[PDB]
Amino acid sequence: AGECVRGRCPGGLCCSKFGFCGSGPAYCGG
Numbered sequence: 001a002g003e004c005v006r007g008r009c010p011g012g013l014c015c016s017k018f019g020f021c022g023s024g025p026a027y028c029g030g
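Mapping the sequence shown onto the deposited numbering, position 13 (from 1) lands on 13, and the numbers just tick up by one.
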């Protein structure tokens, strides 16, 4: 669960260039 649309993802979390969303050092980087 958690996918980005055209490079935009709400909720207040991170979005990966592969088209995904997530919080913490997983989809954010560092």
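No residue lacks a Cβ here, since even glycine has one placed at the ideal position from N, Cα and C.
Where does residue i fall in DSSP's three states?
| i | result |
| --- | --- |
| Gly29 | coil |
| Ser16 | strand |
| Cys21 | strand |
| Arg6 | coil |
Check whether the Cβ atoms of residue i and residue j sit closer than 8 Å, and answer yes or no.
| i | j | result |
| --- | --- | --- |
| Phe20 | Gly7 | no |
If you compare alpha carbons, which of the options is closest to residue i?
| i | options | result |
| --- | --- | --- |
| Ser23 | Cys14, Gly30, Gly29 | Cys14 |
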